[PDB]
Amino acid sequence: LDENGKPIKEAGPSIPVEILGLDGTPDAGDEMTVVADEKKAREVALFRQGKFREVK
Amino acid sequence: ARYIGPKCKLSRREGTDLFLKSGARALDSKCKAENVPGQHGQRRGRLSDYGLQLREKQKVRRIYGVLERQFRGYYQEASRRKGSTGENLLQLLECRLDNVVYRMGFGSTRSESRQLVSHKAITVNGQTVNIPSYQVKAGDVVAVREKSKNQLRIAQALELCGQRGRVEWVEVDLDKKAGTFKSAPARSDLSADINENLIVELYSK
Amino acid sequence: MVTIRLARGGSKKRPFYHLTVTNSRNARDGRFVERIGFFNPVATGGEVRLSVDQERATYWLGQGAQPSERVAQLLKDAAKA
Amino acid sequence: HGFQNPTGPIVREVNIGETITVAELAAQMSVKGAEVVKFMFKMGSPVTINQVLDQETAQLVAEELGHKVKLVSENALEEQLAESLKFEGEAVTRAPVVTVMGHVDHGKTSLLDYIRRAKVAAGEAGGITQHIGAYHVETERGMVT
RNA sequence: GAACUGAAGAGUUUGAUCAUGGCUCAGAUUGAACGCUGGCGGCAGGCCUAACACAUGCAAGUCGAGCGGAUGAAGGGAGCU
RNA sequence: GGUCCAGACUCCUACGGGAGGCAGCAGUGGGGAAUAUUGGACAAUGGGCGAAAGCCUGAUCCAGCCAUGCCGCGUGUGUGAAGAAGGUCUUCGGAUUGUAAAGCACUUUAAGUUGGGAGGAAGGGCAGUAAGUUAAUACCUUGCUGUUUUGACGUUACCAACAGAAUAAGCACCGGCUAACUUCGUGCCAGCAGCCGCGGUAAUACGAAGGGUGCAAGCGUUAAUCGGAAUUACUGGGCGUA
Ligand SMILES: Nc1nc2c(ncn2[C@@H]2O[C@H](COP(=O)(O)OP(=O)(O)CP(=O)(O)O)[C@@H](O)[C@H]2O)c(=O)[nH]1
Ligand SMILES: [Mg+2]
Ligand SMILES: [Mg+2]
Ligand SMILES: [Mg+2]
Ligand SMILES: [Mg+2]
Ligand SMILES: [Mg+2]
Ligand SMILES: [Mg+2]
Ligand SMILES: [Mg+2]
Ligand SMILES: [Mg+2]
Ligand SMILES: [Mg+2]
Ligand SMILES: [Mg+2]
Ligand SMILES: [Mg+2]
Ligand SMILES: [Mg+2]
Ligand SMILES: [Mg+2]
Ligand SMILES: [Mg+2]
Ligand SMILES: [Mg+2]
Ligand SMILES: [Mg+2]
Ligand SMILES: [Mg+2]
Ligand SMILES: [Mg+2]
Ligand SMILES: [Mg+2]
Ligand SMILES: [Mg+2]
Ligand SMILES: [Mg+2]
Ligand SMILES: [Mg+2]
Ligand SMILES: [Mg+2]
Ligand SMILES: [Mg+2]
Ligand SMILES: [Mg+2]
Ligand SMILES: [Mg+2]
Ligand SMILES: [Mg+2]
Ligand SMILES: [Mg+2]
Ligand SMILES: [Mg+2]
């Protein structure tokens with residue numbers, strides 16, 4: 001979605017949007033990247049989750 | 001999976017020949033095959049009935065190079081079939097494609113015949129098979145692909161299978177490397193040292 | 001009404017068909033009245049492509065059963081041979 | 001294809017991470033441990049068998065004794081992901097982002113409400129901002145975030 | 001011609017023994033969960049708990065050859081252009 | 001996935017006044033030890049309507065995710081004694097890891113790249129001809145003939161070529177039951193444990209290390225059912241003192 005609802009399909013280089021589809025709630029300051037490779041993204045996220053639990 | 005590692009500690013632990021090298025040089029003059037592997041090798045350690053049954057099953061499995069789950073499947077099929085499962089298990093083990101390729105002299109050992117079969121170099125009924133479990137039936141004609149007929153491996157394997165004993169149940173056509181499976185070899189065609197009664201006893205518990 | 005149609009069995013990308021006489025408002029693979037043969041889209045080797053009971057098929061067609069399009073074509077092909 | 005007697009020394013492929021013990025380094029070098037420590041007594045500050053040694057000096061001492069040294073990454077997934085994700089060409093201009101900061105009641109919400117004509121300061125619990133707000137507006141000149 | 005073919009025990013009460021008797025173990029199965037580890041394929045399976053509450057899309061329509069009406073193509077042309 | 005009434009609960013509102021029912025397919029919160037994608041097509045088999053093209057179809061056919069299960073295949077093959085170097089134990093003689101490694105020489109399955117390539121397809125439109133129906137070489141129905149047209153899956157199954165050993169092994173256990181043993185630390189501690197039981201200064205039982213034994217893309221633990229249990233005894237037990 002864009003600012004005032006009305007869902008859109010693309011988002012340009014400096015447009016704030018609301019994305020819907022993550023598994024958990026992130027925290028502010030985290031950066032997002034488009035991976036375009038399902039397996040790589042999933043395994044990297046699992047590795048990051050393990051490191052997060054360990055550091056906690 | 002597959003057992004890949006030192007293929008001679010198995011002979012020492014089982015205490016029999018248990019062919020795993022090519023048999024070219026010897027067995028005694030490679031490993032001093034009179035002691036169990038490991039630090040505690042000189043100890044004898046007489047073992048119990050369950051130990052004897054386990055050793056017999058392990059010896060058969062390591063001879064034919066199959067893992068435990070496939071072996072349980074073989075046992076279940078032998079029990080299902082008619083006529084004395086004890087030698088039914090051997091009938092069924094002696095019909096695998098890798099074992100048949102080994103008996104025909106195309107490979108030096110079972111591992112090398114598995115290498116040949118898995119790498120798409122064998123045709124059974126004029127068409128390629130690469131499963132080292134294909135139960136060949138009586139009357140099939142195991143051959144070698146024409147693009148794979150000039151490998152040296154087959155040359156040494158044939159010239160060394162020339163002297164190990166006459167199988168007398170497969171006819172190998174040496175000049176062009178084509179075989180024939182007349183029938184399954186009966187119990188009297190194999191070595192009379194395996195006590196398959198121990199295997200049947202072990203699984204019936 | 002009462003129809004004659006194909007019930008699908010077999011497995012993924014390997015279809016097998018039973019020629020079944022069913023009340024039309026049943027599931028494709030649900031309850032039926034009678035099976036009158038089969039059809040094999042792949043066959044090959046010793047497998048037969050299709051087999052039908054002539055007697056049962058004629059009896060059910062005489063009782064007012066409407067075959068599907070495939071059942072009509074396959075039944076006329078079987079009657080041809 | 002029989003036995004050919006080896007002539008020269010023995011060379012291995014030592015693998016080193018972020019840190020390593022001297023004992024482990026000697027083990028991957030197929031040399032006695034006490035030798036390696038001795039080799040430190042002849043070159044700078046010595047070490048002990050069990051002391052945790054770094055990666056740079058580990059690679060240096062492994063290459064000094066004629067061995068092929070290949071190291072590993074402690075977090076190789078991140079470098080593998082980052083490497084094959086950032087490669088592009090082309091460049092275009094973009095609308096600027098701007099933030100508005102100040103003291104409590106100096107009027108930073110009212111300025112944005114005039115620029116956008118949105119009157120959001122009328123709401124808001126307590127008449128204060130407690131959330132960061134991000135807007136994309138078409139001003140009289142161009143687009144601004 | 002076939003539709004079967006099939007049945008193991010051990011540890012532990014006593015100084016030692018036999019019996020009685022409980023406990024425990026060796027097997028086969030899960031719609032399984034957890035820990036460590038992890039290459040590929042084929043065929044299957046996947047809210048067992050809250051018949052708890054539900055944002056948003058889709059899941060049942062068709063017939064102009066049953067009937068008025070209004071939408072009114074291409075064309076034949078007619079005039080002026 | 002219709003109507004009416006009543007009720008509980010959410011919501012709209014311009015405050016006058018209305019709406020809702022995922023135990024359909026995706027999806028969310030919540031509960032939990034724990035169970036997946038806002039996917040594609042109606043090409044196939046079915047269902048509704050139509051006369052017939054055809055329209056509809058989260059049924060269905062397929063794709064996505066997860067070692068959840070079953071099955072199959074890989075992680076190489078032969079030779080190789082200075083029985084290399086290191087590790088471990090030692091009666092200090094040596095033994096073992098071990099043909100294991102290195103060296104030498106072979107092979108390319110699966111995965112990677114390139115190029116070929118079925119089967120799932122029956123039918124539909126048009127055109128012609130021949131029979132039947134009449135009253136009729138009409139319309140229409142039916143055989144056949146010619147032409148044109150259809151596949152989500154899909155970069156399909158499968159096949160051929162290239163490169164290199166190259167890209168791929170862990171888990172539990174080793175006192176008896178029950179296959180597999182020694183050294184070093186610790187000293188009724190720290191700990192282990194299914195049952196007997198281990199640990200108080202030489203621990204094959206705790207924790208490591210060498211070695212070994214089982215399985216193996218899995219291996220263990222927990223939970224649950226039957227078995228062993230003839231321990232509810234119909235098959236098939238007992239009651240003098242258990
Ligand atoms: N007279 C006058 N009053 C102003 C002006 N700008 C803001 N105000 C007044 O100041 C008050 C607070 O302004 P506001 O914009 O809420 O300040 P703020 O910095 O956003 C509050 P916070 O720092 O918590 O986000 C408002 O009531 C507004 O009327 C101005 O230019 N002139
Ligand atoms: Mg397996
Ligand atoms: Mg403000
Ligand atoms: Mg105030
Ligand atoms: Mg006692
Ligand atoms: Mg439920
Ligand atoms: Mg509903
Ligand atoms: Mg749902
Ligand atoms: Mg409900
Ligand atoms: Mg929860
Ligand atoms: Mg789960
Ligand atoms: Mg359809
Ligand atoms: Mg229409
Ligand atoms: Mg629709
Ligand atoms: Mg759809
Ligand atoms: Mg799998
Ligand atoms: Mg798991
Ligand atoms: Mg040594
Ligand atoms: Mg086709
Ligand atoms: Mg023992
Ligand atoms: Mg001690
Ligand atoms: Mg113990
Ligand atoms: Mg221990
Ligand atoms: Mg249990
Ligand atoms: Mg009972
Ligand atoms: Mg029990
Ligand atoms: Mg009785
Ligand atoms: Mg009794
Ligand atoms: Mg009494
Ligand atoms: Mg008494």
Side-chain angles (χ1 to χ4, degrees), chain A residues 7 20-21 38-39 42, chain B residues 1-9 12-13 21-22 24-25 29-32 35-43 45 47-48 50-55 58 67-70 73 79-85 107-109 111-121 128 130-133 147-148 151-153 156-157 160 201 203-205, chain C residues 3 5-9 11-15 17 22 24-30 39 41-44 68-74 77, chain D residues 2-3 6 9 11-12 23 26-33:
Chain A
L20 199 79
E38 294 293 328
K39 292 177 71 68
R42 186 178 297 113
Chain B
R2 205 163 55 106
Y3 177 82
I4 300 153
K7 285 181 190 69
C8 167
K9 289 147 71 91
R12 294 165 67 207
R13 170 60 74 182
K21 306 277 190 201
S22 173
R25 201 167 79 186
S29 83
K30 281 178 93 75
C31 64
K32 71 174 64 93
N35 296 115
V36 288
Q39 155 187 1
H40 308 114
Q42 183 62 255
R43 290 160 81 265
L47 73 165
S48 58
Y50 159 67
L52 275 296
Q53 302 162 18
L54 178 63
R55 288 293 94 198
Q58 295 288 344
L67 283 199
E68 188 55 38
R69 211 192 275 266
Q70 210 160 25
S79 293
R80 195 199 61 73
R81 277 167 190 199
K82 207 76 75 168
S84 181
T85 187
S108 304
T109 59
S111 282
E112 183 178 1
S113 57
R114 187 159 197 157
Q115 183 62 256
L116 285 175
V117 164
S118 179
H119 277 211
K120 272 157 147 182
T128 300
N130 73 329
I131 302 314
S133 299
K147 58 94 176 179
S148 180
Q151 278 173 213
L152 293 186
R153 306 214 272 192
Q156 293 83 18
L160 188 153
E201 183 178 1
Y203 283 135
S204 285
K205 185 260 287 181
Chain C
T3 187
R5 54 193 201 188
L6 307 184
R8 193 195 201 278
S11 56
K12 186 180 289 293
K13 287 173 162 51
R14 286 288 284 243
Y17 287 111
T22 61
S24 86
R25 48 167 80 175
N26 286 118
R28 187 193 65 197
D29 296 294
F39 174 49
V42 298
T44 61
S68 312
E69 295 84 5
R70 286 297 288 267
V71 185
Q73 188 272 330
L74 294 167
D77 200 72
Chain D
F3 176 75
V11 65
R12 301 291 169 85
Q28 280 190 0
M29 272 150 69
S30 309
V31 295
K32 199 84 68 168

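The figures here come from the full heavy-atom set of this structure, side chains too, leaving out hydrogens, waters and symmetry mates. Every chain is numbered from 1 and lettered A, B, ... according to where its sequence line falls, protein lines coming before strand lines.
Atom NZ of C:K13 is separated from atom P of F:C158 by 13 Å (rounded to the nearest Å). The nearest whole Å value for the distance from the CD atom in B:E68 to the P atom in F:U213 is 16 Å. The interatomic distance linking C:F39 (CZ) with F:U45 (P) rounds to 10 Å, in whole Å. If you measure from atom CD of B:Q70 to atom P of F:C70, you get 14 Å, rounded to the nearest angstrom.
To the nearest whole angstrom, the two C1' atoms, one in F:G7 and one in E:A59, are 30 Å apart. Of the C1' atoms belonging to F:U108 and F:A161, the separation is 13 Å, rounded to the nearest Å. A distance of about 14 Å separates the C1' atoms of F:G21 and F:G2, rounded to the whole Å. Across F:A36 and E:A33, the matching P atoms stand 11 Å from one another, rounded to whole Å. Spacing of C1' atoms, F:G124 relative to F:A43, comes out at 14 Å, to the nearest Å. When the P atom is used for both F:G176 and F:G214, the distance is 16 Å, rounded to whole Å. Distance check on atom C1': F:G32 versus F:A152 gives 39 Å, rounded to whole Å.
Contact check, B:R43 against F:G211: no side-chain N or O comes under 4.0 Å of OP1 or OP2. Here C:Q73 does not reach the OP1 or OP2 of F:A121: none of its side-chain N or O atoms lies under 4.0 Å away. At the phosphate of F:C66, OP1 or OP2 sits under 4.0 Å from a side-chain N or O atom of A:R42. Residue B:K147 has no polar side-chain atom (N or O) positioned under 4.0 Å from OP1 or OP2 of F:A161. Between B:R25 and the phosphate of F:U99, there is no side-chain N or O to OP1/OP2 separation shorter than 4.0 Å. OP1 or OP2 of F:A100 has at least one side-chain nitrogen or oxygen of B:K21 nearer than 4.0 Å. Of the side-chain N and O atoms in B:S133, one or more sit less than 4.0 angstrom from OP1 or OP2 of F:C73. For B:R69 and F:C71, the shortest distance from a side-chain N or O to OP1 or OP2 is below 4.0 Å. Note on B:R114: every side-chain N or O is 4.0 Å or more away from OP1 and OP2 of F:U77.
Residue-to-nucleotide contacts include a donor-acceptor pair under 3.5 Å from the side chain of D:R12 to the base of F:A84. No hydrogens or angles were tested; on distance alone, a donor-acceptor pair under 3.5 Å links the side chain of C:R28 to the base of F:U45.
In this structure, F:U178 makes no Watson-Crick or G-U wobble pair, since no nucleotide meets both defining distances under 3.5 angstrom. In this structure, F:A160 and F:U114 make a Watson-Crick or G-U wobble pair, each of the two defining distances being under 3.5 angstrom. Across all strands shown, the partner of F:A208 is F:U183, judged by Watson-Crick or G-U wobble contacts whose two distances both fall under 3.5 Å.
Evaluation of the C1'-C2'-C3'-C4' torsion of F:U91 gives a negative value and hence a south sugar. South puckering is assigned to the sugar ring of E:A7, since its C1'-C2'-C3'-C4' angle is below zero. For F:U150, the torsion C1'-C2'-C3'-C4' is below zero, which places the sugar in the south, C2'-endo range. F:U57: sugar pucker north (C1'-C2'-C3'-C4' torsion positive). Nucleotide F:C42 carries a south-puckered sugar, as indicated by a negative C1'-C2'-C3'-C4' torsion.
Taking OG1 of C:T3 as the reference point, atom CG of C:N26 lies at 11.0 Å (rounded to 0.5 Å).
For B:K32, taking side-chain heavy atoms from C-beta onward, the closest of the listed nucleotides F:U96, F:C66, F:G74 is F:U96. Of the candidate nucleotides F:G214, F:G78, F:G48, F:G78 has the atom nearest to the side chain of B:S22.
Where B:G83 and B:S204 each meet RNA chain E at their nearest nucleotide, the meeting point lying more 5' is that of B:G83. Between B:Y3 and C:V71, the residue whose closest nucleotide on RNA chain F is further toward the 5' end is C:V71. Closest-nucleotide positions on RNA chain E for B:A1 and B:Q53 were compared, and the one nearer the 5' end corresponds to B:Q53.
In A:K39, the NZ atom is not crowded: 12 or fewer heavy atoms of neighbouring residues, nucleotides or ligands sit closer than 6.0 Å.
For E:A10 and E:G11, a centre-to-centre distance below 5.5 angstrom and a plane angle below 30 degrees are both found for the six-membered base rings. The neighbouring residues F:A216 and F:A217 do not form a stacked base step, as their six-membered rings are not both less than 5.5 angstrom apart at the centres and less than 30 degrees apart in plane orientation.
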